[PDB]
Each structure stands twice: as C-alpha cells, then as structure tokens.
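Q: Quick one: this structure, given as structure tokens, is what I'll be asking you about.
Number of protein chains: 2
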Amino acid sequence: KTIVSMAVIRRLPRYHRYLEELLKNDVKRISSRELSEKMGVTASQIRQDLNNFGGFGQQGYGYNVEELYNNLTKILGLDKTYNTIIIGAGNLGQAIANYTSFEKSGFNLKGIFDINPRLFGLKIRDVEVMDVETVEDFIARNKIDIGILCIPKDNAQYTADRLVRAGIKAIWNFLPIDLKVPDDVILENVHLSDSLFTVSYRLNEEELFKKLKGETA
Amino acid sequence: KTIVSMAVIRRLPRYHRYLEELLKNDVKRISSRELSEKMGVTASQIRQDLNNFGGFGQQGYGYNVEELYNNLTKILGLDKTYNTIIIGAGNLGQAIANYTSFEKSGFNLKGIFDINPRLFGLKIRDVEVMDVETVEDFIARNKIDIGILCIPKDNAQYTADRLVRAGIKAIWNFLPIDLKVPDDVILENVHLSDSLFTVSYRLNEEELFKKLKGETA
DNA sequence: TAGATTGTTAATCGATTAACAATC
DNA sequence: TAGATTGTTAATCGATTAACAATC
Ligand SMILES: NC(=O)c1ccc[n+]([C@@H]2O[C@H](COP(=O)([O-])OP(=O)([O-])OC[C@H]3O[C@@H](n4cnc5c(N)[nH+]cnc54)[C@H](O)[C@@H]3O)[C@@H](O)[C@H]2O)c1
Ligand SMILES: NC(=O)c1ccc[n+]([C@@H]2O[C@H](COP(=O)([O-])OP(=O)([O-])OC[C@H]3O[C@@H](n4cnc5c(N)[nH+]cnc54)[C@H](O)[C@@H]3O)[C@@H](O)[C@H]2O)c1
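So the sequences go chain by chain: A and B.
Just so we're aligned, residue 4 is where the first sequence starts under the entry's author numbering, counting upward by one.
Just so we're aligned, residue 4 is where the second sequence starts under the entry's author numbering, counting upward by one.
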C-alpha cells in the first residue's frame with residue numbers, strides 16, 4: 004500500500020509525457036483549463052491529482068510548464084539513477100536490453116543473466132551476459148535496484164526469490180504469472196498476455212450480449 | 004465506452020489464467036470462497052464480476068472449474084480467431100513476432116511491415132516482411148483485425164491513421180504516445196515507458212514525503 | 001486593480017465489500 | 001434433508017467531478 008492513491012500514480016508519467024511536449028515546443032505556460040482539453044481529462048482531476056504533491060499552479064496564471072515538468076520529474080523520481088538488470092537474455096530479454104530510451108531517464112542496465120551457457124560472455128549493447136547463478140551475488144555487489152524478468156514462466160518464482168533474497172528493490176515482471184514478493188519489494192506486472200485479451204474481449208463483447216440478451220425474453 | 008465496467012474486464016484474463024491452472028491440475032471444482040483465497044481478492048468481487056455474464060455458479064456447490072473456464076474463454080472471445088499484423092520489424096517487433104503463445108489463444112500473425120527496404124522479403128517465423136506502403140491494401144484483402152504497432156513514435160499518428168483508414172478493428176500500441184482513433188476502433192495502449200516510472204516513483208515515494216512533510220512544521 | 005485560474009472542500013458517481021435470502 | 005455457497009441487493013468506501021472562495 005502506497006501513500007498516494009495508485010489511480011493517480013499511474014496518471015503521473017502521462018502528465019510528465021505531455022508536459023515535456025509542451026516544454027519541447029517552447030510553450031511558456033498552460034492552465035489546467037487547456038491541459039485537460041489537450042489530454043482529454045477533466046480539469047479537476049488535473050488540479051486534483053497534482054494537489055497531492057503541492058501547488059505548482061499560480062492563480063490567474065495556470066502552471067509554468069518548465070517548472071511543473073521539472074517537478075513531475077522529481078516526483079516520478081527520475082532525477083535519480085537506477086541500476087537495473089535483466090534476467091533472461093531471450094527475445095524479449097534482448098529487445099529490452101537493446102532499447103536505450105530508458106537510459107535517458109535514469110535507468111542503467113548493469114547486467115544480463117541467463118541459464119543457457121551458450122550465451123555466457125555474449126555482449127549486448129556492451130553489457131555482457133552472465134551465469135544467472137552468480138546473480139544473487141552480483142546484485143549485492145552492484146547495488147542493483149530493479150530486476151527485469153524475461154525468463155519462461157515455469158518455476159520462475161524460485162528465481163524471483165533469489166533476486167529478492169539478494170536485496171533487489173523492485174521487480175519488473177514480463178511473465179504471465181503473479182509472483183510472490185515481500186512487502187518491501189515493488190512488484191510491477193506487465194502482462195501482455197492479458198492486455199491483448201481485453202482486445203479480443205472488446206471485439207467480441209458487443210455480440211456477446213446478443214448471445215446473452217437472447218437468453219431471457 | 005464499453006458495456007461492462009473496464010475495471011472488471013481487466014480482471015477477466017486473470018480469472019482465466021487461474022482457472023486454467025486449476026483445470027490443469029484436475030481440480031474438479033472451486034468456490035469463490037477458495038478462489039479469492041488463492042487469488043488474494045474478495046470473494047464478493049469474484050461472484051460480483053462473474054455475475055455480469057450470468058451464473059456459472061451452483062448454490063451449495065461452487066463453480067465447476069471446467070465449465071467456468073470454458074465460459075471465460077468464450078467471454079474473452081478466445082473461441083474465435085483474430086488476424087494480426089505487426090508494424091515495425093524492429094527489436095520489439097520481431098520479439099513479439101517470434102512469440103507463439105499468442106497463437107494458441109486465437110491470434111494469428113498474417114504479416115509484418117517495415118519502411119526500411121533492407122528488410123523487405125526477410126522471413127520471421129515464416130511470415131515475410133513487407134513494405135508498409137502495401138499495408139493499407141493488405142489489411143483490406145486479408146481482413147486484418149488487430150495491428151500491433153512497434154515503430155518509432157515520431158510522426159506515428161500518420162501510420163496509425165493509415166491503419167484505421169484501411170479498416171483495422173483495433174490497434175495494440177507499444178509506442179509511448181497517446182494515439183487518436185475513431186470511436187469504432189479499439190486502442191490498447193501498453194506504455195512500458197510509463198509502467199516503469201511507477202517503479203522509480205514507488206522507490207522514491209516514501210522518502211519524497213519526508214522531503215515534503217519536512218516543509219510545513 | 002480585475003479577470004483569470006488555482007487550491008480545496010463539498011456533491012456525485014462508480015466500484016468494492018458485506019449481507020442474506022434463495023436454493024442446490 | 002441440511003450445511004454450504006451462490007446470485008443479488010444493500011451499505012461502504014474510494015475516486016472523479018463540480019463548485020467557489022482565495023488570490024495572483
Ligand atoms: N516475447 C514476447 O513477445 C512475450 C509476450 C508476453 C510474455 N512474454 C514472456 O517473456 C518471457 C520470455 O519470452 P521470450 O524472451 O520471447 O522467450 P525466450 O526468447 O525463450 O527467452 C527465454 C530466455 O530465458 C533463458 N532462461 C530460461 N530460464 C532461465 C532462468 N531460470 N534464469 C535465467 N535465464 C533463463 C533462456 O535461456 C532464454 O534465453 C516469457 O515468460 C514469456 O512468457 C514474452
Ligand atoms: N524495445 C523496447 O524495449 C521498447 C520499450 C518501450 C517502448 N518501445 C517502443 O517500441 C517501438 C520500437 O522499439 P524497437 O522495435 O526496440 O526499435 P527498433 O528496433 O528500431 O524498431 C523500429 C523498426 O520500425 C521500422 N519503422 C520505422 N518507421 C516505420 C514505419 N513508419 N512503418 C513501418 N515501420 C517503420 C524501422 O525500420 C525498424 O525496423 C518504439 O515505438 C519504442 O518507443 C520499445
């Protein structure tokens with residue numbers, strides 16, 4: 004359980020995103036008026052959400068883009084730095100390993116790990132792939148903050164444990180399993196496996212209620 | 004805006020997943036009682052959610068795993084078939100293209116597209132990479148249901164449009180951009196670029212309110 | 001200044017939980 | 001059958017919206 008309501012927290016990187024578009028375009032200031040306009044949210048929510056972390060607004064003025072942006076940056080914690088590792092140098096593994104946008108925002112890939120020894124030594128974007136046996140130790144030596152999980156779901160909770168045990172601070176989970184972690188570990192589930200299904204679901208939904216509303220009268 | 008509340012819809016793939024674990028272990032039946040136990044949700048919510056699509060339950064008995072599972076299948080619309088294409092044969096592109104579990108559940112890769120001709124013809128898991136010029140057409144000839152977007156964000160709304168125009172039914176969106184689609188197009192955003200930030204945010208949150216609760220008294 | 005727009009509290013809306021009568 | 005567990009309605013909780021007095 005976190006201090007701010009999660010519904011809100013999930014909307015923060017979104018503000019961060021739009022605010023930076025405005026900053027990038029030399030727009031000097033914006034009002035929640037115009038922002039909710041632009042983001043298709045309610046002007047209340049915006050003022051509402053923001054006023055969990057204080058007033059960045061100025062009556063009569065609106066919000067100074069540069070100053071609010073720079074503040075969301077600090078709120079999302081992106082003024083700091085995060086050492087990350089990837090477990091599972093697979094397809095997804097490597098695609099995530101190659102992607103560098105994350106770096107810009109503070110997240111530095113320190114290591115990649117796999118069981119399959121063919122891969123040991125292999126270098127992706129200049130981080131070498133290492134035996135996942137040594138992970139528990141490497142985490143401890145290198146103050147690893149986030150572990151990115153891209154190994155097959157099978158018996159993976161075991162590996163998740165070894166991570167937690169070794170003092171990993173949060174896990175980013177790409178497997179289609181709900182993992183079990185301690186209270187002091189942030190688990191972020193992705194679950195494409197699911198997200199996709201809400202699409203197949205939405206596509207069929209409208210016809211699925213002729214299938215069920217043709218069941219009473 | 005959809006018939007069932009979204010909050011619910013997003014939990015459906017989750018039930019589906021659990022139910023299938025049970026089915027896999029020959030467990031003949033389960034009660035919302037034991038399920039909310041196993042899933043760490045409230046027994047009401049389960050019964051609650053499910054009774055949007057009818058009573059698969061039996062008083063005194065609970066839920067027949069097999070029959071409930073098979074019904075979630077039908078609800079999530081995983082009893083039909085979906086033609087999918089991928090735009091952008093990059094890292095993520097190919098990673099998603101190579102992943103075959105999606106097929107098992109109804110989703111069939113019919114094509115992959117790129118602008119860079121250096122890829123044209125190249126075959127991934129036996130679909131060959133084609134010029135994204137031809138996509139508008141290929142969508143129409145092959146009744147493509149979902150387009151998976153894995154192109155760089157820059158100017159992508161243009162490409163998005165082309166897809167919509169050609170009558171794609173939904174887009175699965177992996178770019179860190181909010182796209183604009185018509186009412187009759189299902190847009191599913193992924194936004195790893197965000198989800199990750201809720202982790203850096205959570206890591207710094209507890210200290211961020213010492214930084215702000217040391218600001219009044 | 002005075003018109004504009006925020007911080008913030010109050011009213012509404014939706015989603016979760018709890019309760020219980022119906023029933024297998 | 002009778003103990004168990006659902007379908008469903010009612011009570012609670014949380015999140016979104018609306019409103020307005022404070023203030024730049
Ligand atoms: N790839 C996708 O498009 C996609 C979509 C949804 C979910 N996933 C999940 O992503 C994870 C991997 O998918 P992928 O990268 O396409 O599969 P992959 O390419 O087979 O990756 C598996 C990698 O993990 C390695 N490995 C296996 N076990 C371990 C272990 N215990 N410790 C360290 N390394 C290990 C294995 O050698 C291989 O390199 C799986 O859990 C999928 O279920 C992937
Ligand atoms: N890879 C990740 O780890 C990751 C994480 C978060 C977001 N993303 C997003 O995923 C998308 C692609 O990432 P990636 O695949 O790693 O980059 P990539 O590996 O450079 O893939 C880009 C591919 O798309 C092709 N392309 C460019 N423009 C077009 C176009 N207009 N139509 C069709 N194809 C085009 C391009 O030639 C290349 O093959 C980008 O939108 C990223 O922002 C990726």
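For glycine and all other residues, C-beta sits at the position ideal for the given N, C-alpha and C.
Decide if residue 62 (chain B) is buried, meaning its Cβ has at least 16 other Cβ atoms within 10 Å, or exposed.
A: exposed
Q: Is any heavy atom of ligand 1 found at a distance shorter than 7 Å from the C-beta of residue 79 (chain B)?
A: For ligand 1, not one heavy atom lies less than 7 Å from the Cβ of residue 79 (chain B).
Q: Please state if the CB of residue 132 (chain A) and the CB of residue 92 (chain A) are separated by a distance shorter than 8 Å.
A: yes
Q: Out of B:185, B:146, B:154, state which residue places its alpha-carbon closest to the alpha-carbon of residue 164 (chain B).
A: B:185
Q: Kindly indicate which three-state DSSP category residue 215 (chain A) falls into: helix, strand or coil?
A: helix
Q: So who's on the other strand from residue 117 (chain A), going by DSSP bridges?
A: A:134
Q: Check this for me: beta carbons of residue 89 (chain A) and residue 71 (chain A), under 8 Å apart or not?
A: no
Q: Which chain A residues sit within Cβ distance under 7 Å of residue 17 (chain B)?
A: 197
Q: Can you tell me whether residue 147 (chain A) is buried or exposed, with buried defined as 16 or more other CB within 10 angstroms of its CB?
A: That one is buried.
Q: Assign residue 32 (chain A) to one of three DSSP states: helix, strand, or coil.
A: strand
Q: What is the DSSP secondary structure of residue 86 (chain A), reduced to helix, strand or coil?
A: strand
Q: Just curious, the alpha helix (DSSP H) that residue 161 (chain B) is in, first and last residue?
A: 159-168
Q: Is the stretch 9-19 of chain A close to the stretch 198-206 of chain B, with three or more CB pairs under 8 Å?
A: Output reads yes: the stretch 198-206 of chain B touches the stretch 9-19 of chain A.
Q: With DSSP collapsed to three states, give me the class of residue 173 (chain A).
A: Here residue 173 (chain A) carries a strand assignment [DSSP, helix/strand/coil].
Q: Given this structure, state the Cα-to-Cα distance separating residue 59 (chain B) from residue 172 (chain B), to the nearest angstrom.
A: 30 Å
Q: Got a sec: does ligand 1 put a non-hydrogen atom nearer than 7 Å to the Cβ of residue 153 (chain A)?
A: yes
Q: Which residues of the stretch 138-172 of chain A have a Cβ closer than 7 Å to any Cβ of chain B? Give them in chain order.
A: 148, 149, 172
Q: Exposed or buried, what is residue 51 (chain A) when buried is set at 16 or more other beta-carbons lying within 10 Å of its beta-carbon?
A: exposed
Q: List the residues of chain A that residue 215 (chain B) touches, going by C-beta distances under 8 Å, in chain order.
A: 56, 57
Q: Assess, as a yes-or-no matter, whether the stretch 92-106 of chain A is touched by the stretch 117-132 of chain A under the definition of 3 or more beta carbon pairs within less than 8 Å.
A: Because the criterion of three Cβ pairs below 8 Å is met, the stretch 117-132 of chain A and the stretch 92-106 of chain A touch.
Q: Once DSSP output is grouped into helix, strand and coil, what is the label at residue 142 (chain B)?
A: helix
Q: Grab the span of the beta strand (DSSP E) containing residue 65 (chain B) for me, first residue to last.
A: 65-67
Q: List the residues that DSSP assigns as beta-bridge partners of residue 190 (chain A).
A: Residue 190 (chain A) is bridged to A:174.
Q: Measure the alpha-carbon distance for residue 176 (chain A) versus residue 161 (chain A) and round it to whole angstroms.
A: The straight-line gap separating the alpha-carbon atoms of residue 176 (chain A) and residue 161 (chain A) is approximately 14 Å.
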